[PDB]
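Novice: Dropping a structure here in structure tokens format, bear with me for questions.
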Amino acid sequence: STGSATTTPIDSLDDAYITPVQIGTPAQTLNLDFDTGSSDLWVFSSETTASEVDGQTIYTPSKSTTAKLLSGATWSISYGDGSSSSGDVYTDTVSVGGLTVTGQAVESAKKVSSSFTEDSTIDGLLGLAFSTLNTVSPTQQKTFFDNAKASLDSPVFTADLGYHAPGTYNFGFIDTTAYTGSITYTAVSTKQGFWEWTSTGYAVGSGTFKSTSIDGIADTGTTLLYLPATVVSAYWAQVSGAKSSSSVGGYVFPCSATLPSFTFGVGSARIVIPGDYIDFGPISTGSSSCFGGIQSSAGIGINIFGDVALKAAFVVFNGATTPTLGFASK
């Protein structure tokens with residue numbers, strides 16, 4: 001089997017991407033944030049504290065003839081950005097772009113943190129990291145991909161995120177028309193539960209490539225590109241007037257600037273992030289100070305190849321017995 005679904009930016013800045021997901025019978029379609037940095041499929045629901053729901057579409061398990069409460073199971077998750085959610089668990093039928101999993105754990109939120117409430121466009125998350133990170137207790141549950149894997153034509157999914165435009169998540173096949181040149185594959189460590197890999201270096205603009213190992217995670221659920229302070233400083237030094245602002249929480253730059261591109265290495269291959277991808281707009285409405293899309297990972301404890309990086313590529317998440325990652329230009 002295969003599946004293919006369009007993923008759409010939630011706003012004009014590509015702060016996140018939502019993908020429609022069918023849950024239950026009859027289908028209840030929710031727009032979920034596909035997150036290769038976590039491993040829970042959780043949804044706003046009829047069980048979510050009413051004051052914490054503000055415009056989201058909810059899953060109502062009592063209206064699904066295939067929903068079954070997973071007795072005694074609870075979940076609770078905290079994300080790198082400080083947000084969190086928790087609740088109980090159903091199993092139900094879940095379909096993405098024509099690919100159907102029966103008995104998928106659907107984690108129903110009883111509580112969500114304010115940032116979730118405040119974002120009306122995201123109805124929940126669909127985790128695509130390794131199932132070892134799943135938070136369901138006392139019996140850990142499998143991700144949608146893990147459940148689908150054996151049925152897929154090939155045990156892979158691909159992320160093709162758009163810049164200010166829709167893109168695609170495919171399951172079970174590689175669309176050879178969706179990228180240019182070849183896909184370069186690179187080793188993955190699953191030891192921390194992530195799609196963790198080592199970039200071979202970077203360049204700023206038309207500058208020389210610096211060969212240096214950068215361990216980080218391919219994370220579709222993180223907006224920005226978080227890299228070591230040395231790398232980030234080298235980037236922003238090429239933007240007149242750019243500075244790190246403790247009050248804002250990162251590098252800012254004059255909105256009048258033209259940003260240089262940023263290249264990262266995948267083996268001997270190179271992925272070029274155009275400068276415009278690194279512009280996250282005014283820090284506050286009407287400001288002429290703009291927020292940067294490349295930020296320091298210092299104090300995160302891990303480098304993160306988030307959407308800023310991934311949307312410059314066609315990305316293969318290869319879930320073979322030994323997982324790997326592939327990157328192509330597009």
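Each chain in the structure tokens gets a letter, A, B and so on, in the order shown; residues start at 1 in every chain, and ligands are counted from 1 in the order they appear.
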Using DSSP on the backbone, list every residue of range 62-166 of chain A that comes out as helix (DSSP H, G or I), and give them as a PyMOL selection string.

Specialist: chain A and resi 62-63+114-118+131-133+144-151

Novice: Go ahead and save the residues from that selection, with N, CA and C atoms, as a JSON list (two decimals), in the first residue's frame.

Specialist:
[["chain", "number", "residue", "atom", "x", "y", "z"],
["A", 62, "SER", "N", -17.03, 9.01, 20.85],
["A", 62, "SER", "CA", -18.34, 8.41, 21.02],
["A", 62, "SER", "C", -19.13, 8.38, 19.71],
["A", 63, "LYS", "N", -18.73, 9.18, 18.72],
["A", 63, "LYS", "CA", -19.40, 9.19, 17.43],
["A", 63, "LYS", "C", -18.70, 8.28, 16.42],
["A", 114, "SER", "N", -1.29, 26.48, 26.69],
["A", 114, "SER", "CA", -1.85, 27.67, 26.07],
["A", 114, "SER", "C", -1.45, 27.84, 24.60],
["A", 115, "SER", "N", -0.23, 27.47, 24.25],
["A", 115, "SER", "CA", 0.21, 27.68, 22.87],
["A", 115, "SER", "C", -0.61, 26.83, 21.92],
["A", 116, "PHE", "N", -1.05, 25.65, 22.35],
["A", 116, "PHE", "CA", -1.92, 24.84, 21.51],
["A", 116, "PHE", "C", -3.30, 25.48, 21.38],
["A", 117, "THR", "N", -3.87, 25.91, 22.51],
["A", 117, "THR", "CA", -5.17, 26.56, 22.50],
["A", 117, "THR", "C", -5.18, 27.75, 21.56],
["A", 118, "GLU", "N", -4.09, 28.50, 21.60],
["A", 118, "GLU", "CA", -3.98, 29.77, 20.89],
["A", 118, "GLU", "C", -3.78, 29.59, 19.39],
["A", 131, "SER", "N", 9.07, 4.81, 17.81],
["A", 131, "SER", "CA", 8.03, 4.53, 18.80],
["A", 131, "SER", "C", 8.56, 4.44, 20.23],
["A", 132, "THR", "N", 9.87, 4.27, 20.39],
["A", 132, "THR", "CA", 10.49, 4.28, 21.71],
["A", 132, "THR", "C", 10.24, 5.59, 22.46],
["A", 133, "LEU", "N", 9.92, 6.67, 21.75],
["A", 133, "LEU", "CA", 9.58, 7.95, 22.42],
["A", 133, "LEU", "C", 8.10, 8.09, 22.77],
["A", 144, "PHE", "N", 1.91, 5.83, 13.77],
["A", 144, "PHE", "CA", 1.20, 5.54, 12.54],
["A", 144, "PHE", "C", 2.12, 4.87, 11.52],
["A", 145, "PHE", "N", 3.33, 5.40, 11.35],
["A", 145, "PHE", "CA", 4.27, 4.81, 10.40],
["A", 145, "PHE", "C", 4.68, 3.41, 10.82],
["A", 146, "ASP", "N", 4.97, 3.24, 12.10],
["A", 146, "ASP", "CA", 5.37, 1.93, 12.61],
["A", 146, "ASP", "C", 4.25, 0.91, 12.35],
["A", 147, "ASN", "N", 3.00, 1.29, 12.60],
["A", 147, "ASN", "CA", 1.87, 0.41, 12.33],
["A", 147, "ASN", "C", 1.68, 0.11, 10.85],
["A", 148, "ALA", "N", 1.94, 1.08, 9.99],
["A", 148, "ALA", "CA", 1.70, 0.92, 8.55],
["A", 148, "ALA", "C", 2.82, 0.18, 7.84],
["A", 149, "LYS", "N", 4.01, 0.20, 8.44],
["A", 149, "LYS", "CA", 5.26, -0.13, 7.76],
["A", 149, "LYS", "C", 5.23, -1.43, 6.97],
["A", 150, "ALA", "N", 4.77, -2.50, 7.62],
["A", 150, "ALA", "CA", 4.82, -3.81, 7.01],
["A", 150, "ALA", "C", 3.91, -3.91, 5.79],
["A", 151, "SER", "N", 2.88, -3.07, 5.74],
["A", 151, "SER", "CA", 1.93, -3.08, 4.64],
["A", 151, "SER", "C", 2.38, -2.23, 3.47]]

Novice: Wanna dump the range 102-168 of chain A-range 25-34 of chain A contacts at 12 Å for me, each residue with its shortest atom pair and the distance in Å to one decimal, counting only C-alpha atoms, ordered by chain and number, as a Markdown table?

Specialist:
| residue | atom | partner | partner_atom | distance |
| --- | --- | --- | --- | --- |
| A:102 | CA | A:25 | CA | 10.9 |
| A:106 | CA | A:30 | CA | 11.9 |
| A:116 | CA | A:33 | CA | 11.3 |
| A:119 | CA | A:33 | CA | 11.5 |
| A:120 | CA | A:31 | CA | 10.3 |
| A:121 | CA | A:31 | CA | 7.5 |
| A:122 | CA | A:32 | CA | 5.9 |
| A:123 | CA | A:31 | CA | 5.4 |
| A:124 | CA | A:32 | CA | 4.9 |
| A:125 | CA | A:33 | CA | 4.6 |
| A:126 | CA | A:34 | CA | 4.7 |
| A:127 | CA | A:34 | CA | 6.0 |
| A:128 | CA | A:34 | CA | 6.9 |
| A:129 | CA | A:34 | CA | 9.9 |
| A:143 | CA | A:34 | CA | 11.2 |
| A:144 | CA | A:34 | CA | 10.5 |
| A:145 | CA | A:34 | CA | 11.1 |
| A:157 | CA | A:34 | CA | 11.6 |
| A:158 | CA | A:34 | CA | 11.5 |
| A:159 | CA | A:34 | CA | 9.6 |
| A:160 | CA | A:34 | CA | 11.9 |
| A:161 | CA | A:34 | CA | 11.0 |
| A:168 | CA | A:34 | CA | 11.1 |

Novice: What is the CA of residue 135 in chain A-CA of residue 98 in chain A distance in Å, reported with one decimal?

Specialist: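 Going from CA of residue 135 in chain A over to CA of residue 98 in chain A, I get 26.7 Å.
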
Novice: In range 59-290 of chain A, what's strand (DSSP E or B) per DSSP? Answer as a VMD selection string?

Specialist: chain A and resid 59 68 to 78 84 to 96 99 to 112 124 to 127 137 156 to 160 167 to 171 184 to 187 189 196 to 204 210 to 218 225 to 227 243 to 245 250 to 254 262 to 266 269 to 273 279 to 282 289 to 290

Novice: Compile the contact shell of range 227-230 of chain A as number ranges by chain: residues with an atom at most 7 Å away, counting only C-alpha atoms, same-chain residues fewer than 5 positions apart removed.

Specialist: A: 295-298, 303-304

Novice: Limited to C-alpha atoms, could you put the picked residues into a file as a CSV table (one decimal), in the first residue's frame?

Specialist:
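Contents of selection-v1.csv, freshly written:
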chain,number,residue,atom,x,y,z
A,295,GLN,CA,19.2,30.2,15.6
A,296,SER,CA,21.7,28.8,18.2
A,297,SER,CA,21.1,25.4,19.6
A,298,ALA,CA,23.2,26.2,22.6
A,303,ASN,CA,21.0,20.6,16.8
A,304,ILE,CA,17.7,20.6,14.9

Novice: Got a sec: who's within 7 Å of range 64-69 of chain A, counting only C-alpha atoms, leaving out chain neighbours fewer than 6 positions off, as a list in words?

Specialist: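 After dropping sequence-adjacent residues, the list is residues 24, 25, 26, 89, 90, 91, 92 and 93 of chain A.
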
Novice: Mind dumping the selected residues with N, CA, C and O atoms as a compact mmCIF listing (two decimals), in the first residue's frame?

Specialist:
# COMPACT_ATOMS: atom_id res chain seq x y z
N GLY A 24 -11.54 7.54 12.66
CA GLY A 24 -12.82 7.00 13.03
C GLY A 24 -13.75 6.63 11.90
O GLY A 24 -13.44 6.77 10.71
N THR A 25 -14.93 6.16 12.29
CA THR A 25 -15.97 5.73 11.37
C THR A 25 -17.33 6.24 11.85
O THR A 25 -17.76 5.90 12.96
N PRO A 26 -18.01 7.06 11.05
CA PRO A 26 -17.53 7.71 9.81
C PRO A 26 -16.31 8.57 10.08
O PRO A 26 -16.05 8.95 11.23
N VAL A 89 -6.58 7.49 26.00
CA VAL A 89 -6.22 6.89 24.72
C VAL A 89 -7.34 6.01 24.19
O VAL A 89 -7.91 5.22 24.93
N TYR A 90 -7.60 6.15 22.90
CA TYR A 90 -8.48 5.25 22.18
C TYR A 90 -7.67 4.55 21.11
O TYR A 90 -6.61 5.04 20.71
N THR A 91 -8.14 3.40 20.65
CA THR A 91 -7.69 2.89 19.36
C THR A 91 -8.80 3.14 18.35
O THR A 91 -10.00 3.08 18.68
N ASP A 92 -8.42 3.47 17.12
CA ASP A 92 -9.40 3.72 16.08
C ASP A 92 -8.71 3.58 14.74
O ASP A 92 -7.48 3.45 14.63
N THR A 93 -9.52 3.68 13.69
CA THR A 93 -9.01 3.65 12.33
C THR A 93 -8.53 5.02 11.92
O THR A 93 -9.25 6.01 12.09

Novice: When distances are computed from only C-alpha atoms, which of A:329, A:245, A:211, A:95 shows the smallest separation from residue 272 in chain A?

Specialist: A:329

Novice: When distances are computed from only C-alpha atoms, which of A:79, A:44, A:305, A:236 shows the smallest separation from residue 110 in chain A?

Specialist: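 Answer, going by the shortest atom-to-atom distance: A:44.
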
Novice: Considering only C-alpha atoms, can you say which of A:87, A:323, A:37, A:265 comes closest to residue 220 in chain A?

Specialist: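 Looking only at the distances to residue 220 in chain A, the closest residue turns out to be A:37.
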
Novice: Show which residues sit within 9 Å of residue 255 in chain A, as number ranges by chain. Count only C-alpha atoms, and ignore same-chain residues fewer than 6 positions away.

Specialist: A: 279, 281-282, 287-291

Novice: Excluding residue 97 in chain A and any residue of its chain fewer than 3 positions from it, enumerate the residues within 9 Å of it, using only C-alpha atoms, and give them as a VMD selection string.

Specialist: chain A and resid 2 to 6 20 to 22 100 169 to 171

Novice: For a test of reading the model, state the distance in Å between CA of residue 111 in chain A and CA of residue 52 in chain A, rounded to one decimal.

Specialist: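 About the pair CA of residue 111 in chain A and CA of residue 52 in chain A: they are 7.2 Å apart.
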
Novice: Calculated over only C-alpha atoms, which of the candidates A:327, A:75, A:253, A:173 has the smallest distance to residue 278 in chain A?

Specialist: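 Counting only C-alpha atoms, the residue closest to residue 278 in chain A is A:253.
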
Novice: Considering only C-alpha atoms, can you say which of A:43, A:49, A:153, A:138 comes closest to residue 71 in chain A?

Specialist: A:138

Novice: How far is it from CA of residue 322 in chain A to CA of residue 18 in chain A, in Å with one decimal?

Specialist: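 Result for CA of residue 322 in chain A versus CA of residue 18 in chain A: 28.7 Å, one decimal.
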
Novice: Which residue out of A:259, A:313, A:325, A:188 has the minimum interatomic distance to residue 206 in chain A when only C-alpha atoms are used?

Specialist: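 Between A:259, A:313, A:325, A:188, the residue approaching residue 206 in chain A most closely is A:259.
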
Novice: Using only C-alpha atoms, determine which residues lie at most 7 Å from residue 136 in chain A, disregarding the query and same-chain residues fewer than 5 positions distant; provide the list as a ChimeraX atom specification.

Specialist: /A:73-75,141

Novice: Store the residues picked out above in a file with N, CA, C and O atoms, as a PDB file, in the first residue's frame.

Specialist:
ATOM      1  N   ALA A  73      -5.021   3.477  29.943  1.00  0.00           N
ATOM      2  CA  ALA A  73      -3.909   4.147  29.277  1.00  0.00           C
ATOM      3  C   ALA A  73      -4.024   5.660  29.371  1.00  0.00           C
ATOM      4  O   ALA A  73      -5.087   6.248  29.148  1.00  0.00           O
ATOM      5  N   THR A  74      -2.907   6.290  29.697  1.00  0.00           N
ATOM      6  CA  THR A  74      -2.831   7.743  29.701  1.00  0.00           C
ATOM      7  C   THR A  74      -1.569   8.170  28.969  1.00  0.00           C
ATOM      8  O   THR A  74      -0.687   7.370  28.690  1.00  0.00           O
ATOM      9  N   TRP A  75      -1.487   9.452  28.668  1.00  0.00           N
ATOM     10  CA  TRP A  75      -0.321  10.010  28.016  1.00  0.00           C
ATOM     11  C   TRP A  75      -0.117  11.431  28.490  1.00  0.00           C
ATOM     12  O   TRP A  75      -1.054  12.082  28.948  1.00  0.00           O
ATOM     13  N   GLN A 141       2.720   2.793  22.916  1.00  0.00           N
ATOM     14  CA  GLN A 141       2.028   2.557  21.655  1.00  0.00           C
ATOM     15  C   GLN A 141       2.899   2.899  20.456  1.00  0.00           C
ATOM     16  O   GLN A 141       3.865   3.644  20.569  1.00  0.00           O
TER      17      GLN A 141
END
